[PDB]
Amino acid sequence: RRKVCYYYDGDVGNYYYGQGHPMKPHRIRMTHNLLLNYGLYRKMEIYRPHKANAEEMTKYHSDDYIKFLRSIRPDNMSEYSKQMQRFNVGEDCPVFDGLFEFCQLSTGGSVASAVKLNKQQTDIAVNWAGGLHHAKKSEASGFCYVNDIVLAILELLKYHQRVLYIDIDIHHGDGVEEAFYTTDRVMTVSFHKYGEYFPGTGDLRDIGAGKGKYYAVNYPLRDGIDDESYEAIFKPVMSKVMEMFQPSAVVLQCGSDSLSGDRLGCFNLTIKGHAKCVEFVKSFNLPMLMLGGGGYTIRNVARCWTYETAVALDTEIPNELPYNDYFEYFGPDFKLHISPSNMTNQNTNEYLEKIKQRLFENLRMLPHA
Amino acid sequence: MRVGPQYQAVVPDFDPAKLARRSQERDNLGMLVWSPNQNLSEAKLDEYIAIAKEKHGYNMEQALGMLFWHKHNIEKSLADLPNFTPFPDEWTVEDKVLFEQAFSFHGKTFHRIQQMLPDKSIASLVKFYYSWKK
Amino acid sequence: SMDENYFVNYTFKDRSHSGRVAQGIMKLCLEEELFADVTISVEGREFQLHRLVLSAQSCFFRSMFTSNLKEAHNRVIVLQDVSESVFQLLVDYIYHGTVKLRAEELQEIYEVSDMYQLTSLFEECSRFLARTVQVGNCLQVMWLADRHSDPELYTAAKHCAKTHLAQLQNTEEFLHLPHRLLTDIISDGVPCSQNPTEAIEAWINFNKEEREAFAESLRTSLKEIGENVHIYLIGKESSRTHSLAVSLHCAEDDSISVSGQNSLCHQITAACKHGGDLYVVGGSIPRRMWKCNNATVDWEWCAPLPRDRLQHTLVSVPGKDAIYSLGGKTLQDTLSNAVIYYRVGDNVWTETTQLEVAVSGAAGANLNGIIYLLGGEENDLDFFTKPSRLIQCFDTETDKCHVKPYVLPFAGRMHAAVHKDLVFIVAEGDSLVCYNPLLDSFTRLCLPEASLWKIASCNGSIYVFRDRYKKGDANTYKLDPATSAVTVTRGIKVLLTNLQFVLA
Amino acid sequence: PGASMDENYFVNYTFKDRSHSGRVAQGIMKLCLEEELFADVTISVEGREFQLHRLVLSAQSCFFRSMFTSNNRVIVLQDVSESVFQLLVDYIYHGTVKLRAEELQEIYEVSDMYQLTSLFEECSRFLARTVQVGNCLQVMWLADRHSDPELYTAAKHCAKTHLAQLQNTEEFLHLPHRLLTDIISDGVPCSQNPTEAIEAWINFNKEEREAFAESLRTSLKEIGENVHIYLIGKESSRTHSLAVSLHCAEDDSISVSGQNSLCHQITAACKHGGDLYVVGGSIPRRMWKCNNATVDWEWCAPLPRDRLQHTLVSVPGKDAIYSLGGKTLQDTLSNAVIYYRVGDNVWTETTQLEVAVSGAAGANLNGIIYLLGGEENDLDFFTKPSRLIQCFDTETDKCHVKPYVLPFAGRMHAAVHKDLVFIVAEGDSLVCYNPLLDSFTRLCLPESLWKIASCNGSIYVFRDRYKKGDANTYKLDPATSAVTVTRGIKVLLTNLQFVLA
Ligand SMILES: O=P(O)(O)O[C@H]1[C@H](OP(=O)(O)O)[C@@H](OP(=O)(O)O)[C@H](OP(=O)(O)O)[C@@H](OP(=O)(O)O)[C@H]1OP(=O)(O)O
Ligand SMILES: Cn1nnc(-c2ccc3c(c2)[nH]c2nc(Cc4ccccc4)nc(N[C@H]4CC[C@H](N)CC4)c23)n1
Ligand SMILES: [Zn+2]
């Protein structure tokens with residue numbers, strides 16, 4: 001029974017991205033409802049995120065970007081085309097009712113979670129609302145409008161010394177890496193698929209520059225990686241980083257679009273190994289901060305996030321889903337875990353040894369402290 | 001990868017002697033709705049949850065909020081549970097019928113569906129759409 | 001080799017000692033008729049021929065010349081019956097290697113070239129006879145393969161006689177057909193509209209009192225299948241956000257029929273057809289693929305695309321039950337070379353060996369074991385992409401990609417569809433060429449201009465379509481590929497206006 | 001590839017058979033020689049009888065065409081051989097003959113007598129490869145008499161540079177005027193003493209050739225010995241890296257000339273003509289020009305591009321120095337071919353390579369530029385030891401990759417010898433590439449990466465780490481694999497970064 005605080009609002013489940021769009025902000029509400037039927041509330045605090053504002057939001061983004069996101073509305077759609085087409089808030093990040101309201105809700109959740117973590121009141125802070133780690137400084141990308149994990153890390157940096165960022169999401173966390181590509185107080189470790197995938201960044205040879213050299217550990221993979229390989233690649237590198245970096249706060253972005261068979265997913269990882277990875281990072285009793293981000297199949301996302309919330313609390317849960325409003329929604333297997341698909345992995349053992357050895361050489365160059 | 005002050009963040013500096021002064025000054029940015037009670041076991045909570053379910057129609061969130069509203073006192077919660085009507089989105093049968101018609105005519109475009117249902121905000125029809133598809 | 005040393009002794013492997021001999025024989029042995037030692041006379045005319053080339057190229061002459069009978073040692077040997085002109089063509093082929101096969105004079109060359117065992121000409125004539133059997137001789141060439149044991153022609157002349165069994169029923173040649181041929185033509189899935197039961201009953205009705213108990217042996221072996229040979233059309237109506245999937249059915253009674261529409265409503269890009277069902281990559285994010293069904297109009301779900309690309313080439317291959325995707329563009333104007341292939345029975349997307357030169361927006365044509373990447377655009381080091389002209393051959397059995405040397409007569413965006421061996425090609429500035437991969441040559445076929453053209457091939461005839469629909473005459477041209485007889489069909493009530501993709 | 005409009009594939013067309021060269025060429029070698037029917041001519045040479053076929057012989061050699069088609073069943077050839085004519089018939093029928101050094105000249109004379117042009121050219125090349133000093137005045141006599149200009153030049157180049165010890169041979173004393181004029185007017189070296197050769201040739205019959213003597217003096221040219229083997233390496237403790245310029249002598253005394261000792265750094269150097277070209281500087285772009293006699297470090301135009309571990313190959317045919325492959329500081333293996341002109345001091349581009357390689361070995365072949373091995377990029381994020389042979393033409397500016405591959409891979413150093421491309425690599429195994437007939441040979445070495453330099457007809461292979469085993473400078477006889485050890489008189493190097501041939 002460790003003190004874990006949780007953030008949820010009833011408004012985040014209503015915002016709609018449009019017809020035929022991958023990301024559905026209704027998934028978080030069903031994830032909360034699955035927790036709302038497992039009894040996990042009895043051993044975990046539940047808070048309501050506050051609606052964000054401008055001055056705490058402008059700490060990273062430019063003023064004109066926030067002004068646009070405040071002034072946007074679907075009613076003057078055919079009146080401000082230039083402003084849309086410059087800031088890339090068009091067909092890749094569709095506009096809708098209360099877009100800035102969505103940004104307020106997610107930003108308030110993540111920043112208040114950082115305020116809880118940074119005050120030694122709650123050890124592990126969980127917020128599945130935010131985690132949008134693709135928004136850049138003055139432009140939207142990857143369905144992410146405002147970069148919340150960067151704001152959370154910026155808040156943690158005012159009190160802590162060194163903050164370690166962990167990225168399990170299938171996409172490259174370019175948004176967080178872009179902001180901290182020069183500073184020396186944040187180490188961003190991102191495991192992302194890159195043969196041609198979105199966003200195409202995250203090459204091996206891009207490690208850092210300026211003051212922040214060797215303070216960004218990128219790690220490419222290939223499609224179809226199974227569970228045992230992923231564990232064998234996630235245990236050594238994380239132990240090595242936490243041995244030579246000694247951070248005081250770990251912000252883990254627990255992505256959920258790397259599971260077995262999402263619409264934009266490509267990996268072949270089950271919930272069991274994903275939970276084993278997060279438990280591995282959790283087993284270092286550091287001040288944690290969970291985030292969301294990603295996830296494009298509502299059933300799999302709900303199952304994965306409910307099992308992650310269960311493992312963060314160290315509570316065993318039955319495999320059979322309980323009496324609720326979502327009997328036929330989760331069918332027909334009615335279970336919690338997901339069987340792996342038939343995708344054939346393309347990352348051989350020798351490739352994995354070579355990439356781990358290269359990362360070890362890169363990390364040996366960290367200055368002694 | 002781009003480099004420039006127009007892309008990266010302006011990191012604040014660290015002061016070892018400033019952590020305590022800054023920590024105790026900031027407010028708790030959030031309102032509490034539930035806290036665990038160690039003296040309150042699971043049996044009577046499981047009973048009271050079905051109590052709120054079947055005769056009065058309370059859902060999980062509103063029923064659990066009342067427990068903290070009375071500081072985890074089940075008896076007082078039973079006393080005051082009929083006094084508060086759990087105000088839902090009042091979807092009358094006619095509202096379901098026109099929502100049915102509008103979905104068939106226009107599809108997933110809820111902005112247009114608002115036109116035949118002007119009294120309901122979009123954030124409310126999306127919730128009913130996800131609840132109906134069950 | 002450790003034994004040979006270039007300064008003491010080595011073996012001189014001469015790679016030019018095939019051109020010199022083959023040119024010396026065609027130059028010195030034919031243009032002046034010297035060194036003749038055998039005289040072959042066919043139908044009066046006297047020939048002078050050299051025993052060496054003949055005996056070294058056709059084993060039949062090797063057996064005739066090197067026999068032990070005293071008739072062979074006589075100077076003049078007489079061939080009983082081939083022809084006057086056919087034997088001239090055969091001598092021309094044996095010496096030079098270039099013979100002008102004609103449609104009027106092919107079957108004679110087929111039988112004779114099989115009698116003399118010139119297997120290369122025999123195979124070429126087999127293919128060229130498989131090309132030109134429409135319906136009329138489809139039960140006379142079939143009988144010319146069962147008697148000669150050439151199963152490829154026997155299959156290609158059964159496929160085109162099964163699908164016309166209705167009209168073929170009344171012909172007396174079908175009525176005089178022996179049992180084995182009828183058993184082999186019926187037991188392969190006669191189409192539903194051909195009335196095979198009427199055909200078998202009419203075949204018995206010739207002598208029913210002698211074959212009545214013999215009749216039911218075939219009724220217990222008849223197979224039935226429904227007509228599912230289509231020409232799928234996709235195109236939006238330029239005003240409605242939903243792009244339909246009109247499914248044309250090609251009939252033989254000058255009435256090309258239209259089946260039910262599908263009308264998916266997201267977006268359409270780079271679709272493919274395989275078997276009897278349509279595959280389409282689409283959605284707001286072009287990664288998810290829908291699987292359409294023809295009879296039961298439903299939009300099923302399949303495994304989404306694992307990678308990110310646009311303007312790629314979807315090629316169907318029914319040989320190993322796969323759908324290949326090749327080439328493409330990668331979101332930063334970088335042309336990629338990578339082929340991911342999908343299996344219908346497993347819903348998995350794996351990789352294979354990569355292409356040599358990356359192309360995008362090309363046209364692919366299946367050839368029952370070889371996937372051809374035709375044209376498209378290729379990268380240029382001057383920061384740009386130029387209209388490409390390369391013919392990239394991607395194998396699917398051995399998985400090796402190689403680039404053919406010769407190039408197309410034109411370049412740019414193009415659409416291709418196959419016809420019985422060939423890869424027909426059309427592009428902007430109408431000029432219909434007729435690719436042929438086995439002997440690597442082109443032809444041409446002018447089109448009536450008085451707008452990019454689309455090609456779909458079905459029922460033996462080739463239908464070319466327009467992009468802009470404003471009613472000139474019917475904007476749907478039925479082309480006869482033999483005599484270039486460009487006719488115009490009806491297009492009964494097609495409501496299309498853009499015609500984004502036409503699938504063969 | 002001809003878009004013919006007359007032919008239609010459903011009516012008529014021309015069946016161009018591309019397999020109708022193998023069938024006849026195999027049918028003749030199987031049916032006409034293995035069991036010998038269809039024989040209609042009988043050629044008897046030195047008692048032994050042949051049955052042959054006038055068709056093939058008259059279709060391959062024009063002399064037999066003029067013979068058979070003139071205006072008896074058995075015809076006897078006057079004088080060729082028993083074995084040479086057997087080899088000639090075997091080549092005419094099959095297409096493979098085993099050329100030997102002992103019976104080569106006879107085959108050359110006969111193959112030119114019967115006008116088999118391909119074997120005549122192959123014998124010309126193979127006989128040009130094997131003239132050291134002994135028959136260099138006998139082969140020259142068989143080139144002027146035979147009108148074979150390439151062999152005549154090849155047997156004159158190797159005879160001009162050995163004029164000192166060739167003076168006392170009586171064959172040179174009985175040498176007619178024209179060949180002497182042509183061997184003298186080519187730039188006889190300084191140490192060969194040409195004037196004493198002139199006087200000694202006249203001294204046979206001076207009272208009859210005295211007035212004829214001065215006709216050659218008015219045509220003699222003089223030049224100094226400037227055939228060098230440039231060595232570049234540091235001494236592992238001094239920043240400046242020297243450029244010792246060896247001079248190869250024929251009296252078992254390899255001489256060392258003056259050093260130059262540039263002081264910045266050296267990477268990817270080359271040699272052309274008689275001077276040295278080097279790439280160096282703190283930023284690897286500025287280029288120095290080294291002169292041997294007048295020891296100076298001249299300046300040339302810098303590199304217009306940015307690359308590392310690239311291959312510099314000399315092309316004296318068009319007075320241009322090329323640069324292929326390399327690495328562009330982002331671990332991206334580039335394929336860009338830039339060339340520099342000596343007389344114009346410009347740095348322009350050409351076509352690009354097909355597959356990019358880095359750190360290979362380049363060998364000029366008097367018209368084609370060979371990229372040998374190295375390491376090629378892998379889509380598996382890394383570099384594997386490459387094995388392909390990349391061809392880069394310099395006359396037509398075309399690039400293509402040969403199908404066959406090397407027997408090994410990795411880092412390697414290459415040098416040429418009169419037609420060939422000699423190769424050594426790690427784990428010594430001397431292979432002898434031959435591009436004209438596409439075959440490999442091997443030459444074992446007595447067992448550290450090795451280096452190869454070519455001069456004076458022999459090959460010299462060096463070591464990287466010196467520490468004195470015997471001399472660390474091996475002279476190899478490429479004919480009988482006679483690996484001997486030279487002196488290396490007072491070489492003070494310790495690294496041997498590059499060896500320029
Ligand atoms: O109503 P939405 O939230 O927009 O999502 C629906 C829903 O998918 P989710 O369960 O992921 O929300 C459908 O699923 P079912 O109700 O049929 O289980 C799915 O249909 P498929 O099963 O065919 O995927 C459909 O997809 P589509 O629009 O392609 O028919 C998809 O709609 P969106 O594409 O708009 O998200
Ligand atoms: C979190 N996350 N995960 N995946 C994505 C994501 C997001 C977007 C795309 C995407 C994946 N795949 C895509 N493929 C294409 C096809 C294509 C290929 C090559 C060249 C051009 C287009 N176009 C896409 N967007 C267009 C590009 C122009 C821009 N104005 C927005 C619309 C996207 N986001
Ligand atoms: Zn993601």
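Counting starts with 1 at the first residue shown.
Each residue, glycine too, has its Cβ placed from N, Cα and C.
Taken verbatim from Swiss-Prot:
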{"type": "DOMAIN", "residues": "C:36-103", "note": "domain 'BTB'"}
{"type": "DOMAIN", "residues": "C:138-230", "note": "domain 'BACK'"}
{"type": "REPEAT", "residues": "C:230-276", "note": "repeat 'Kelch 1'"}
{"type": "REPEAT", "residues": "C:277-319", "note": "repeat 'Kelch 2'"}
{"type": "REPEAT", "residues": "C:322-369", "note": "repeat 'Kelch 3'"}
{"type": "REPEAT", "residues": "C:371-421", "note": "repeat 'Kelch 4'"}
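Mapped onto DSSP helix, strand and coil, the repeat 'Kelch 3' (C:322-369) counts 0 helix, 20 strand, 28 coil. Two residues, C:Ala450 and C:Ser451, bracket 5 residues absent from the model, and the distance between their Cα atoms is 12 angstrom. Taking H, G and I as helix, E and B as strand and the rest as coil, DSSP gives the domain 'BTB' (C:36-103) the counts 26 helix, 18 strand, 24 coil.
The DSSP breakdown of the repeat 'Kelch 2' (C:277-319), given as helix, strand and coil counts, is 0 helix, 20 strand, 23 coil.
Residue counts of the repeat 'Kelch 1' (C:230-276) by helix, strand and coil are 0 helix, 22 strand, 25 coil (DSSP-based). Look at the repeat 'Kelch 4' (C:371-421): DSSP puts its residues at 0 helix, 26 strand, 25 coil.
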